[PDB]
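Structure file data_0.cif with mmCIF, C-alpha atoms:
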```cif
data_start
#
loop_
_atom_site.label_atom_id
_atom_site.label_comp_id
_atom_site.auth_asym_id
_atom_site.auth_seq_id
_atom_site.Cartn_x
_atom_site.Cartn_y
_atom_site.Cartn_z
CA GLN N 75 11.86 -13.55 -54.82
CA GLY N 76 11.67 -16.53 -52.48
CA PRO N 77 15.31 -17.46 -53.06
CA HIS N 78 16.51 -13.89 -52.52
CA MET N 79 14.57 -13.26 -49.29
CA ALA N 80 16.26 -16.12 -47.39
CA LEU N 81 19.59 -14.27 -47.10
CA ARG N 82 18.43 -10.64 -47.33
CA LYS N 83 15.99 -10.89 -44.41
CA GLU N 84 18.49 -12.82 -42.28
CA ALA N 85 21.11 -10.06 -42.64
CA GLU N 86 18.80 -7.28 -41.43
CA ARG N 87 18.06 -9.09 -38.16
CA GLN N 88 21.75 -9.98 -37.76
CA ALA N 89 22.75 -6.32 -38.19
CA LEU N 90 20.00 -5.18 -35.80
CA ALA N 91 21.43 -7.36 -33.03
CA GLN N 92 24.84 -5.79 -33.63
CA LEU N 93 23.29 -2.31 -33.41
CA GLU N 94 21.41 -3.15 -30.20
CA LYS N 95 24.52 -4.63 -28.54
CA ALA N 96 26.63 -1.53 -29.25
CA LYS N 97 24.73 1.12 -27.27
CA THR N 98 26.30 -0.07 -23.99
CA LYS N 99 29.79 -0.15 -25.52
CA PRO N 100 32.03 2.84 -24.68
CA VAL N 101 32.87 5.51 -27.23
CA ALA N 102 36.04 4.65 -29.16
CA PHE N 103 36.60 7.82 -31.20
CA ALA N 104 34.63 10.88 -32.29
CA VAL N 105 34.69 12.50 -35.73
CA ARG N 106 34.03 16.02 -37.02
CA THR N 107 31.92 16.22 -40.17
CA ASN N 108 32.41 18.67 -43.03
CA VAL N 109 29.51 18.04 -45.46
CA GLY N 110 25.81 17.21 -45.22
CA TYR N 111 24.24 13.80 -45.74
CA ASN N 112 20.79 12.25 -45.36
CA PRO N 113 19.64 8.62 -45.45
CA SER N 114 18.04 7.38 -48.67
CA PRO N 115 16.44 4.06 -49.69
CA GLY N 116 19.18 2.97 -52.11
CA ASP N 117 22.25 3.50 -49.93
CA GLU N 118 22.61 -0.27 -49.21
CA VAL N 119 21.59 0.24 -45.58
CA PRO N 120 21.63 -3.01 -43.53
CA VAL N 121 18.74 -2.04 -41.22
CA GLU N 122 16.42 0.25 -43.20
CA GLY N 123 15.01 2.83 -40.80
CA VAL N 124 17.67 3.06 -38.08
CA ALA N 125 19.98 5.35 -40.06
CA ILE N 126 20.98 8.83 -38.91
CA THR N 127 21.61 12.02 -40.87
CA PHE N 128 24.11 14.82 -40.35
CA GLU N 129 24.55 18.36 -41.68
CA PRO N 130 27.92 20.12 -42.07
CA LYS N 131 29.97 20.70 -38.88
CA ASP N 132 28.31 18.06 -36.72
CA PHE N 133 29.73 15.65 -34.15
CA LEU N 134 29.42 11.85 -34.16
CA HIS N 135 30.47 9.63 -31.24
CA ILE N 136 31.30 6.44 -33.14
CA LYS N 137 30.89 3.35 -30.96
CA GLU N 138 32.24 0.55 -33.19
CA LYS N 139 32.72 -0.44 -36.83
CA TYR N 140 29.99 -2.59 -38.40
CA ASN N 141 31.61 -3.26 -41.78
CA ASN N 142 33.72 -1.51 -44.43
CA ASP N 143 30.77 0.65 -45.54
CA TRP N 144 28.92 1.56 -42.32
CA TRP N 145 29.95 2.56 -38.80
CA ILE N 146 27.95 2.33 -35.58
CA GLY N 147 27.62 5.47 -33.48
CA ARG N 148 25.33 8.15 -32.11
CA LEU N 149 24.69 11.84 -32.70
CA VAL N 150 25.64 14.44 -30.09
CA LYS N 151 22.12 15.69 -29.33
CA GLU N 152 19.67 15.43 -26.43
CA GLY N 153 17.70 12.20 -26.81
CA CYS N 154 19.31 10.67 -29.91
CA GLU N 155 20.27 6.99 -29.94
CA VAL N 156 22.90 5.02 -31.89
CA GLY N 157 22.74 4.81 -35.67
CA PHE N 158 24.52 4.00 -38.91
CA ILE N 159 27.39 6.37 -39.70
CA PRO N 160 28.70 6.20 -43.30
CA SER N 161 32.42 5.50 -43.61
CA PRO N 162 34.68 7.91 -45.56
CA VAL N 163 35.06 5.27 -48.27
CA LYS N 164 31.25 5.01 -48.37
CA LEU N 165 31.05 8.79 -48.83
CA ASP N 166 33.57 8.36 -51.65
CA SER N 167 31.41 5.55 -53.06
CA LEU N 168 28.20 7.61 -52.89
CA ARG N 169 29.70 10.51 -54.86
CA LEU N 170 31.14 8.47 -57.74
CA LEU N 171 27.84 6.56 -58.03
CA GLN N 172 26.08 9.81 -58.98
CA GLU N 173 28.36 10.27 -62.01
CA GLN N 174 28.23 6.70 -63.33
CA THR E 338 5.60 65.61 -16.23
CA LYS E 339 6.28 68.24 -18.89
CA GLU E 340 9.62 68.94 -17.22
CA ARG E 341 10.75 65.34 -17.10
CA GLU E 342 10.17 65.39 -20.85
CA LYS E 343 12.42 68.46 -21.01
CA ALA E 344 14.97 66.62 -18.90
CA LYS E 345 14.61 63.68 -21.23
CA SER E 346 15.30 66.10 -24.06
CA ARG E 347 18.40 67.86 -22.77
CA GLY E 348 20.75 65.08 -21.73
CA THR E 349 19.81 63.80 -18.33
CA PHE E 350 18.57 60.28 -19.06
CA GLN E 351 21.99 58.69 -19.47
CA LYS E 352 23.29 60.11 -16.15
CA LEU E 353 21.01 57.80 -14.15
CA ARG E 354 21.46 55.06 -16.76
CA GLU E 355 25.20 55.10 -17.54
CA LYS E 356 26.35 55.72 -13.95
CA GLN E 357 23.84 53.10 -12.86
CA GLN E 358 25.29 50.61 -15.32
CA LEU E 359 28.83 51.86 -14.70
CA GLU E 360 28.21 50.97 -11.05
CA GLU E 361 26.67 47.51 -11.48
CA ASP E 362 29.42 46.61 -13.95
CA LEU E 363 31.95 47.94 -11.42
CA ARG E 364 30.52 45.72 -8.67
CA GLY E 365 30.46 42.75 -11.05
CA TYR E 366 34.04 43.27 -12.22
CA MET E 367 35.17 43.25 -8.58
CA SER E 368 33.83 39.71 -8.10
CA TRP E 369 35.78 38.41 -11.12
CA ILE E 370 39.01 39.16 -9.24
CA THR E 371 38.03 38.80 -5.57
CA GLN E 372 36.50 35.33 -5.95
CA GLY E 373 39.93 34.32 -7.26
CA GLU E 374 41.76 36.10 -4.45
CA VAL E 375 40.64 33.24 -2.19
CA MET E 376 40.61 29.99 -4.19
CA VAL X 265 39.68 17.09 -48.43
CA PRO X 266 38.92 14.60 -45.64
CA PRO X 267 35.26 14.67 -44.55
CA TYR X 268 36.02 13.31 -41.06
CA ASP X 269 38.63 14.57 -38.60
CA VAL X 270 39.71 12.71 -35.46
CA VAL X 271 38.44 14.78 -32.52
CA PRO X 272 38.24 13.77 -28.82
CA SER X 273 35.04 12.24 -27.50
CA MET X 274 34.66 15.06 -24.94
CA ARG X 275 35.47 18.63 -25.90
CA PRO X 276 37.82 20.59 -23.60
CA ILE X 277 36.32 23.68 -21.97
CA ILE X 278 38.49 26.71 -22.79
CA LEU X 279 38.00 29.95 -20.84
CA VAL X 280 39.68 32.20 -23.41
CA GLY X 281 40.35 35.91 -23.83
CA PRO X 282 38.02 38.53 -22.45
CA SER X 283 41.03 40.83 -22.49
CA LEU X 284 44.45 39.71 -23.66
CA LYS X 285 46.03 36.96 -21.56
CA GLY X 286 49.45 37.02 -19.94
CA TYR X 287 48.65 39.83 -17.50
CA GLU X 288 47.38 40.18 -13.97
CA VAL X 289 44.04 41.12 -15.53
CA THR X 290 42.97 38.25 -17.78
CA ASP X 291 44.79 35.43 -15.97
CA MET X 292 43.44 36.25 -12.51
CA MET X 293 40.04 36.99 -13.99
CA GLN X 294 40.26 33.53 -15.51
CA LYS X 295 41.82 32.06 -12.34
CA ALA X 296 38.64 33.07 -10.51
CA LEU X 297 36.69 31.18 -13.17
CA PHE X 298 38.31 27.88 -12.28
CA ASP X 299 37.24 28.31 -8.65
CA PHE X 300 33.61 27.80 -9.64
CA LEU X 301 34.80 25.07 -12.00
CA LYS X 302 36.56 23.40 -9.05
CA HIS X 303 33.73 21.91 -6.99
CA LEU X 304 30.67 22.29 -9.25
CA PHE X 305 31.34 19.17 -11.35
CA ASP X 306 33.72 17.56 -8.86
CA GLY X 307 34.30 13.94 -9.81
CA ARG X 308 33.17 14.48 -13.42
CA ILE X 309 35.78 17.02 -14.57
CA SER X 310 39.53 17.04 -15.29
CA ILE X 311 41.25 20.36 -14.48
CA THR X 312 44.77 20.89 -15.83
CA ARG X 313 47.15 23.78 -16.47
CA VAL X 314 48.25 24.47 -20.05
CA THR X 315 51.87 25.59 -20.46
CA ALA X 316 52.88 24.88 -24.07
CA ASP X 317 51.35 26.55 -27.11
CA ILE X 318 48.95 24.01 -28.63
CA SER X 319 48.33 26.24 -31.66
CA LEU X 320 51.49 25.17 -33.53
CA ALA X 321 50.43 21.80 -34.99
CA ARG X 341 58.75 28.30 -29.21
CA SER X 342 57.95 24.69 -28.33
CA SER X 343 58.84 21.80 -30.61
CA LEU X 344 56.46 19.28 -32.17
CA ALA X 345 57.18 16.58 -29.57
CA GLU X 346 56.36 18.69 -26.50
CA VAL X 347 53.03 19.88 -27.95
CA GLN X 348 51.76 16.56 -29.34
CA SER X 349 52.45 14.85 -26.00
CA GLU X 350 50.03 17.34 -24.41
CA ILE X 351 47.48 16.91 -27.21
CA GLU X 352 47.54 13.13 -26.67
CA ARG X 353 47.11 13.82 -22.95
CA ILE X 354 43.79 15.47 -23.86
CA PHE X 355 43.09 12.34 -25.96
CA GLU X 356 43.51 10.24 -22.80
CA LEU X 357 41.14 12.42 -20.74
CA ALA X 358 38.31 11.86 -23.27
CA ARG X 359 38.53 8.07 -22.95
CA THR X 360 36.75 7.89 -19.57
CA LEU X 361 33.94 10.18 -20.88
CA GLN X 362 34.44 13.09 -18.47
CA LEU X 363 34.66 16.86 -18.80
CA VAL X 364 38.00 18.51 -19.64
CA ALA X 365 39.01 22.03 -18.58
CA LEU X 366 42.06 23.88 -19.92
CA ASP X 367 43.79 26.80 -18.18
CA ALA X 368 45.46 28.35 -21.22
CA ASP X 369 47.53 31.54 -21.06
CA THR X 370 48.19 32.16 -24.79
CA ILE X 371 44.88 31.62 -26.62
CA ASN X 372 43.38 34.91 -27.82
CA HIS X 373 41.25 34.10 -30.91
CA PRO X 374 38.77 31.40 -32.07
CA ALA X 375 40.71 30.84 -35.31
CA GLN X 376 43.90 30.21 -33.29
CA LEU X 377 42.63 26.73 -32.35
CA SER X 378 40.90 25.87 -35.64
CA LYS X 379 43.81 24.08 -37.36
CA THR X 380 44.40 21.28 -34.83
CA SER X 381 42.38 18.09 -34.22
CA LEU X 382 40.91 19.04 -30.83
CA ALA X 383 38.04 21.53 -31.53
CA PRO X 384 37.73 22.99 -28.00
CA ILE X 385 34.76 24.87 -26.59
CA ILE X 386 35.46 28.57 -27.15
CA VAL X 387 33.98 29.89 -23.92
CA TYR X 388 34.09 33.66 -24.29
CA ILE X 389 34.14 35.82 -21.22
CA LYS X 390 32.45 38.83 -22.80
CA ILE X 391 33.34 42.42 -21.93
CA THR X 392 30.15 44.32 -22.74
CA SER X 393 31.58 47.87 -22.55
CA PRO X 394 35.14 48.74 -23.64
CA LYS X 395 35.08 51.98 -21.61
CA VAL X 396 34.99 50.08 -18.30
CA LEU X 397 37.92 47.89 -19.40
CA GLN X 398 40.40 50.77 -19.21
CA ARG X 399 39.17 51.47 -15.67
CA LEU X 400 40.07 47.92 -14.64
CA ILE X 401 43.58 48.81 -15.82
CA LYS X 402 43.66 51.81 -13.47
CA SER X 403 42.33 49.68 -10.58
CA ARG X 404 45.18 47.12 -10.60
CA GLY X 405 47.76 49.77 -9.67
CA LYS X 406 50.43 51.33 -11.85
CA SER X 407 51.87 47.96 -12.94
CA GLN X 408 49.14 47.25 -15.51
CA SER X 409 48.82 50.95 -16.46
CA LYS X 410 51.70 50.67 -18.96
CA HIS X 411 49.65 48.22 -21.08
CA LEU X 412 46.58 50.35 -21.78
CA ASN X 413 45.90 50.28 -25.52
CA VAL X 414 47.58 47.03 -26.58
CA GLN X 415 45.31 44.85 -24.39
CA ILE X 416 42.01 46.24 -25.65
CA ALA X 417 43.34 46.27 -29.24
CA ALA X 418 43.11 42.55 -29.89
CA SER X 419 40.38 42.47 -27.27
CA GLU X 420 38.69 44.67 -29.85
CA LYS X 421 39.80 42.10 -32.41
CA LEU X 422 37.97 39.81 -30.05
CA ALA X 423 35.16 42.13 -31.06
CA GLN X 424 36.23 41.97 -34.72
CA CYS X 425 35.43 38.29 -34.31
CA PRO X 426 31.77 37.61 -35.04
CA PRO X 427 30.10 36.38 -31.83
CA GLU X 428 28.76 33.22 -33.52
CA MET X 429 32.37 32.10 -34.07
CA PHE X 430 32.52 31.28 -30.33
CA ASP X 431 30.58 28.63 -28.40
CA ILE X 432 29.79 30.14 -24.97
CA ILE X 433 29.57 33.90 -24.37
CA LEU X 434 29.44 35.30 -20.82
CA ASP X 435 28.21 38.91 -20.64
CA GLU X 436 26.56 38.65 -17.19
CA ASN X 437 28.27 40.86 -14.62
CA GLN X 438 27.33 39.15 -11.34
CA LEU X 439 28.68 35.81 -10.16
CA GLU X 440 25.36 33.96 -9.89
CA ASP X 441 24.26 35.24 -13.31
CA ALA X 442 27.48 34.39 -15.17
CA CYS X 443 27.68 30.93 -13.59
CA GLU X 444 24.05 30.18 -14.49
CA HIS X 445 25.13 30.07 -18.14
CA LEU X 446 28.36 28.27 -17.18
CA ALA X 447 26.57 25.38 -15.43
CA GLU X 448 23.37 24.94 -17.46
CA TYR X 449 25.01 24.96 -20.90
CA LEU X 450 27.48 22.23 -19.96
CA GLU X 451 24.68 20.26 -18.28
CA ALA X 452 22.70 20.44 -21.53
CA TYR X 453 25.89 19.35 -23.30
CA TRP X 454 26.40 16.50 -20.80
CA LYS X 455 22.99 14.99 -21.59
CA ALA X 456 23.66 15.30 -25.33
CA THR X 457 26.88 13.28 -25.14
CA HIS X 458 25.54 10.66 -22.70
CA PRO X 459 22.23 8.98 -23.62
CA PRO X 460 20.06 7.41 -20.91
CA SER X 461 19.88 3.66 -20.41
#
```
Write the structure described by the file as structure tokens, please.
Amino acid sequence: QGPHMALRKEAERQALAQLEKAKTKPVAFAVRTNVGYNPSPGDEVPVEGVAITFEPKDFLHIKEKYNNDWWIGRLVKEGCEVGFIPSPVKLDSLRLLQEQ
Amino acid sequence: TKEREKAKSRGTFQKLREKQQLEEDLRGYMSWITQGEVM
Amino acid sequence: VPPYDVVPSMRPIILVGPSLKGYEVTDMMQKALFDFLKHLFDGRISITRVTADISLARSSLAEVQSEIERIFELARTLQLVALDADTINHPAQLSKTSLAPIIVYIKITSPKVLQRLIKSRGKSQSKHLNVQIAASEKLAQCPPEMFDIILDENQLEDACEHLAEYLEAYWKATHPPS
């Protein structure tokens, strides 16, 4: 409600400034994916709409680490920008949430 | 024209195709050594 | 099973195995293919010579990992990496490490012309007739989609058109515009 929108709306704009200030940062490390994943509405995304998706055997140039559940990085593709990469503990959290 | 069909139908098409493509692959395989003979 | 594996930020370009390496044939047909790699991306490429077998992670573990971490240093400045390997002769040979190189395949389109290259290098290479094309037919037992870049163009300007435009399309994919 009104008491829940004071902190939820202030965290989306705070995470969007972190995403916008990380495109000029150099690439720290790249990862090689093994499974497929797509963004959904209930994945606890900080900025809903700026998430990226990856299929199996794709490449992700991770820029920095946002938190313990989401990374900041871009997809190796012509024209793609930075996005939210799920951490390996987030991929472990998304699989056990489907069973519970 | 009826004789080029009977030279199509004996064996003679490959002679100007294989030896053509055995020549252009010969000239191309020479560049893969001789461009490394210099630098 | 880990979903993510630590790979370098820039993949090393690997001119590997048209015929089997370690001869006057494949090495000096690959040595020619670093001459066009010398000045074409000059200033945005790192050309080195690979000596140790990097398919073990012979040489020990310390001498190989120090060369793998050297490739890790060359991907920090976001530039292209080229490897002059003399032992790599299959895509699956470099599928167990944490590098994932670009399997550039110099393609031999006709095996019958390959035994005539053996007769053209004198009588020194003529004693290695069937063993070279054997695993260079097991480089045909590989499916072609297991590679990354395949070069079947015979002329120099036609084979280097795929060599330059594919890495330029890969350069724009790794580096976004401002």
Sorted per-residue table, chain X near chain N, closest atoms and distance, 7 Å, all atoms listed in the file, as a tab-separated table:
```
residue	atom	partner	partner_atom	distance
X:267	CA	N:108	CA	5.1
X:268	CA	N:107	CA	5.1
X:269	CA	N:106	CA	5.1
X:270	CA	N:105	CA	5.0
X:271	CA	N:105	CA	5.4
X:272	CA	N:104	CA	5.8
X:273	CA	N:104	CA	5.0
X:455	CA	N:152	CA	5.9
X:456	CA	N:152	CA	4.1
X:457	CA	N:150	CA	5.2
X:459	CA	N:153	CA	6.4
```
Selection result for the PyMOL selection byres ((chain X and resi 309) around 9) on this file, as a list in words: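 Answer for the PyMOL selection byres ((chain X and resi 309) around 9): residues 301, 302, 305, 306, 307, 308, 310, 311, 362, 363, 364 and 365 of chain X.
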Within 6 Å of chain E: residues of chain X, using all atoms listed in the file, as a PyMOL selection string: chain X and resi 293+295-296+299+437-438
Determine the nearest neighbour of residue 89 (chain N) from the options N:145, N:75, N:173, N:114, counting only C-alpha atoms.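 When distances to residue 89 (chain N) are compared using only C-alpha atoms, the smallest one comes from N:145.
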Record the distance separating CA of residue 314 (chain X) and CA of residue 280 (chain X), expressed in Å with one decimal.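 So the answer is 12.0 Å.
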Run the PyMOL selection byres ((chain X and resi 449) around 12) against the file shown and list the residues it catches, as a ChimeraX atom specification. /X:277,385,387,431-434,442-448,450-456
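A straight line drawn from CA of residue 398 (chain X) to CA of residue 412 (chain X) is 6.7 Å long.
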In the coordinates of the file, take the point (41.3, 38.6, -23.1) and a cut-off of 10 Å; then, counting only C-alpha atoms, name each qualifying protein, DNA or RNA residue as number ranges by chain. X: 279-287, 289-291, 293-294, 369-373, 388-391, 415-416, 418-420, 422
Could you tell me which residues the PyMOL selection byres ((chain X and resi 358) around 6) grabs in this file, written as a ChimeraX atom specification? /X:272-274,355-357,359-361
N:146, N:81, N:124, N:119 ranked by distance to residue 95 (chain N), top pick (using all atoms listed in the file):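 Of the candidates, the smallest distance to residue 95 (chain N) is held by N:146.
Computed from the coordinates, the CA of residue 122 (chain N) to CA of residue 82 (chain N) distance equals 11.8 Å.
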Kindly extract all protein, DNA and RNA residues lying within 8 Å of the coordinates (34.4, -1.4, -45.2) given in the file, considering all atoms listed in the file, and supply them as a ChimeraX atom specification. /N:141-144,161,163-164
Take every atom of region 129-135 of chain N listed in the file, pad by 4 Å on each side, and give me the axis-aligned box centre and edge lengths in Å, one decimal, as JSON.
```
{"center_x": 27.5, "center_y": 15.2, "center_z": -36.7, "size_x": 13.9, "size_y": 19.1, "size_z": 18.8}
```
